[PDB]
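> Before I ask anything, here's the sequence and the deposited coordinates:
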Amino acid sequence: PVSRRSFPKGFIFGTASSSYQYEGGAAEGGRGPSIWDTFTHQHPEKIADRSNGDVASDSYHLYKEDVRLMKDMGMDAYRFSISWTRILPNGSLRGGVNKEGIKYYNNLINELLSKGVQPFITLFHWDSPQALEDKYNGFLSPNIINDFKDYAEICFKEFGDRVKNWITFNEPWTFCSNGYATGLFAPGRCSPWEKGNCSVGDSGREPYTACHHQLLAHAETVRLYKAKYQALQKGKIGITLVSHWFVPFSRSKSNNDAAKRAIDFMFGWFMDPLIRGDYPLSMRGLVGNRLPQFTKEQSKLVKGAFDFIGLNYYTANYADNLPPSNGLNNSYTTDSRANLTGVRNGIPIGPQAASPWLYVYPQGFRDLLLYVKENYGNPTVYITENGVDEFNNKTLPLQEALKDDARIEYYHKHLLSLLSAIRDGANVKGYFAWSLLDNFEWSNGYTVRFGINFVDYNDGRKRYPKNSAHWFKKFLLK
Ligand SMILES: *[C@H]1O[C@H](CO)[C@@H](O)[C@H](O)[C@H]1F
Ligand SMILES: [Zn+2]
């Protein structure tokens, strides 16, 4: 049976977390508010259970238990994020550096290393400073670049002596599409007719502006890291990107081209600038002047601006051709001219998890990795997120809640799929499971549980290993 020993020597296995989802202590230790603090408190109706990340999984206090839990399993590495507003409470240098915030992450990093766990740090996992949102609309302004760069530099200076793996942005696709196209995530911006029924926004322009600025802030940060830090600290810097696998709705060329446009808009949006120096052709053609243009100098900067790419995979969609709109309802969601579904002829592409967007389709994992291999020059890849969820069920006894056989099944099949892709030449160096603990699942709150370990929110955030924790322990032997 598949184990760590099936994988190449030195292959890294870990779990993944994020600051807002895990930490809590939201107004503690000098932490400033982020856009997710604001979104959750000011728009509780946008969250399934009207909840927030004030306490979350309380990892701000309980991080030592987290490290113990992952060490028990035999994890090599931990993917976590730093809260921007823990370090810079109002987003900028001039607003002051929070020493207490630096202390917490030093304590976390030191605890991890004392137990032989390598820290992988995401700089931006969506908890953008509210003060910069108020000041200049955050990522909608080119002002965000320098503020992010200043924030990143503090992190390199304070932590880079021990941290050798950096990720700038987590899934800019999700941040921009849900935050500015549908308006379902913070900062909750969209066109009036879009899903979020937002008071402010433009779903056909703002997603592209926000993500253009992220690509620029990323490339600037990579450059800065390589120029001032990489020589003496000898770490690696990358970016985390998400993609579904897209199955053509039918075998027609039209639906095959729709599947190609689907991946271009979700994934190529960031990959093409990183590999080829410009946005995908389909994006430039279809979006036109609503898509920002890189200057020759900016194109030079973004191209090759990485040591690795973090790759996230969860599910697959069917892609069906959409006729032009062709009109006054322009939105990133429809701009691809590809209609995305998880069901065809009343049959779901795979078994549906607790998240309605999550269909279990392990075959697409291999398919995506081989697509990246053949179409992007087979770059160094870490799987930075892969996982599945069950419903939070208050009626179930604890012992039945810990029996997550569906999670075991999910990981077994995906790791096999990953292994076959590696054996067929995919340049994959590591794998991170989402998630170590149950946590705040954004617009779903605490209604769904992604964790390998259970968190009892009603009993002081006590952690209990699920059956999958024991499974990973066996898997990770040696
Ligand atoms: C990756 O996906 C998971 C599951 O939806 C989120 O909880 C993480 O924050 C995201 F980075
Ligand atoms: Zn506590």
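That came through, no problem. Numbers count the residues shown, from 1 in each chain. Ligands and ions are numbered 1, 2, ... in the order given.
> Residue 326 - that's part of a strand, no?
No: assessed with DSSP: H, G, I helix; E, B strand; the rest coil, residue 326 is coil; it does not lie in a strand.
> tell me the residue furthest from the middle of this protein?
residue 252 (32.7 Å; CA atoms, centre = their mean).
> how much space between that residue and residue 258?
9 Å (CB to CB, to the nearest Å). (C-beta placed from N, C-alpha, C; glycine too.)
> And residue 322, by the same measure?
Distance, residue 322 to residue 258, using CB to CB: 7 Å.
> of the two, who's got more company?
residue 258 (24 against 15; other CB atoms under 10 Å).
> can you pull the contacts of the more buried one?
248, 249, 319, 320, 321, 322, 336, 337, 338, 339 (CB atoms under 8 Å, 6 or more residues apart in numbering).
> got the residues of the stretch 201-350 of the chain near ligand 1?
Residues of the stretch 201-350 of the chain lying close to ligand 1 by CB under 6 Å from any ligand atom are residue 312.
> Can you show me the strands along the stretch 201-350 of the chain?
Using DSSP state E, counting those that start in this stretch, the strands found in the stretch 201-350 of the chain span residues 236-242, 245-248, 308-312, 316-321, 338-341, 343-344, 347-348.
> Reformat those strands into a markdown table and put distance to residue 183 next to each item.
Below are the strands of the stretch 201-350 of the chain laid out as a markdown table (distance: least, CB to CB, whole Å):
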| stretch | distance to residue 183 |
| --- | --- |
| strand 236-242 | 19 |
| strand 245-248 | 24 |
| strand 308-312 | 22 |
| strand 316-321 | 21 |
| strand 338-341 | 18 |
| strand 343-344 | 25 |
| strand 347-348 | 27 |
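> Format those strands as a markdown table; extra columns: mean neighbour count and distance to residue 27.
Conversion of these to a markdown table gives the following (neighbours: other CB atoms under 10 Å; distance: least, CB to CB, whole Å):
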| stretch | mean neighbour count | distance to residue 27 |
| --- | --- | --- |
| strand 236-242 | 24 | 28 |
| strand 245-248 | 23 | 41 |
| strand 308-312 | 24 | 30 |
| strand 316-321 | 22 | 39 |
| strand 338-341 | 19 | 38 |
| strand 343-344 | 12 | 43 |
| strand 347-348 | 10 | 42 |
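> Mind naming the longest helix for the chain?
Ranked by residue count, the top helix of the chain under DSSP state H comes out as helix 206-228.
> overlap in contacts of residue 322 and residue 258?
Common neighbours of residue 322 and residue 258 (CB under 8 Å, 6+ apart) are 336, 337, 338, 339.
> Which residue, neighbours along the chain excluded, lies closest to the first one?
By that I understand residue 336. Nearest residue to residue 336, sequence neighbours excluded (CB to CB, 6 or more residues apart in numbering): residue 265, at 4.0 Å.
> what do you get for residue 46?
Nearest non-adjacent residue to residue 46, counting by CB to CB, 6+ apart: residue 443, 6.1 Å away.
> Quick check: the residue in the stretch 151-300 of the chain positioned nearest to ligand 2 vs residue 212, distance?
Relative to ligand 2, the nearest point of the stretch 151-300 of the chain is residue 159 (23.1 Å; CB to the ion). Distance, residue 159 to residue 212, by CB to CB: 28 Å.
> now do residue 271
As judged by CB to CB, residue 271 and residue 212 stand 15 Å apart.
> what residues does this protein put near ligand 2?
Applying CB under 5 Å from the ion, we find that the chain lies next to ligand 2 at 58, 61.
> mind listing what the closest residue to residue 160 other than its chain neighbours touches?
Excluding the flanking residues, the one nearest residue 160 by CB to CB, 6+ apart is residue 233, at 4.5 Å. Listed by CB under 8 Å, 6+ apart, the contact partners of residue 233 are 156, 160, 161, 164.
> For ligand 2, what's its nearest residue on this protein.
Distance from ligand 2 to each residue of the chain (CB to the ion) is smallest for residue 61, at 3.1 Å.
> can you pull the contacts of that residue?
Counting by CB under 8 Å, 6+ apart, residue 61 touches 24, 25.
> What strand or helix carries it?
Per DSSP states H and E, residue 61 falls inside helix 59-73.
> tell me which residues in that helix are buried?
Neighbour-count burial for helix 59-73 flags 59, 60, 62, 63, 65, 66, 67, 69, 70, 71, 73 (criterion: 16 or more other CB atoms under 10 Å).
> now stretch 177-195
177-191, 194.
> quick one: residue 80 is in a strand?
Yes: the assignment for residue 80 (three-state DSSP) places it in a strand.
> Renumber starting at 407 from here on
OK, 407 is where the count begins now, so the last one is residue 486.
> Just give the nearest non-adjacent residue to it, would you?
Using CB to CB, 6+ apart, the closest residue to residue 486 is residue 423 (4.8 Å).
> Then residue 469?
Leaving aside its sequence neighbours, residue 469 sits nearest to residue 514 (CB to CB, 6+ apart; 5.2 Å).
> Run through the residues that contact that neighbour.
Applying CB under 8 Å, 6+ apart to residue 514 gives the contacts 469, 473, 486, 525.
> try 10 Å this time
For residue 514, the contact set (CB atoms under 10 Å, 6 or more residues apart in numbering) comprises 429, 465-466, 469-470, 472-473, 484, 486, 488, 525, 527, 565.
> Next: residue 872.
The neighbours of residue 872, taking CB under 10 Å, 6+ apart as the test, are 796, 807-811, 813-814, 844, 855, 857-860, 878.
> try residue 608
546, 586, 587, 595, 596, 597, 600, 614, 615, 696, 736, 737.
> sorry, back to before: overlap in contacts of residue 658 and residue 664?
Taking CB under 10 Å, 6+ apart as the criterion, residue 658 and residue 664 both touch 726, 727.
> what does the stretch 407-556 of the chain put close to ligand 1?
Proximity of the stretch 407-556 of the chain to ligand 1, by CB under 6 Å from any ligand atom, involves residues 424, 427.
> Give me the phi and psi angles of the closest residue to ligand 1 within the stretch 707-856 of the chain.
Relative to ligand 1, the nearest point of the stretch 707-856 of the chain is residue 791 (4.5 Å; CB to the nearest ligand atom). Backbone dihedrals for residue 791, given as degrees, to the nearest 10, come out at phi -160, psi 130.
> Beta-bridge partners for it, please?
Following DSSP bridges, residue 791 is listed with bridge partners residue 718.
> That one: how many residues sit nearby?
Residue 791 has 24 neighbours, counted by other CB under 10 Å.
> can you tell me which residues contact it?
The contact partners of residue 791, taken as CB under 10 Å, 6+ apart, are 421-422, 424, 485, 576-577, 646, 648, 716-720, 837-841, 856.
> where's the spatially closest residue to residue 630 that is not a sequence neighbour, which helix or strand?
Of all residues not flanking residue 630 in the chain, residue 555 sits nearest, at 6.1 Å (CB to CB, 6+ apart). Secondary structure from DSSP H and E places residue 555 in helix 549-565.
> and that helix with helix 612-634, angle?
Per axes from the mean of the first three to the mean of the last three CA atoms, to 10 degrees, the angle that helix 549-565 makes with helix 612-634 is 40 degrees.
> correct me, but residue 708 touches residue 617?
No: contact between residue 708 and residue 617 fails when scored by CB atoms under 10 Å: they sit 11.9 Å apart.
> which residues do those two both contact?
Both residue 708 and residue 617 are contacted by 676, 679, under the criterion CB under 10 Å, 6+ apart.
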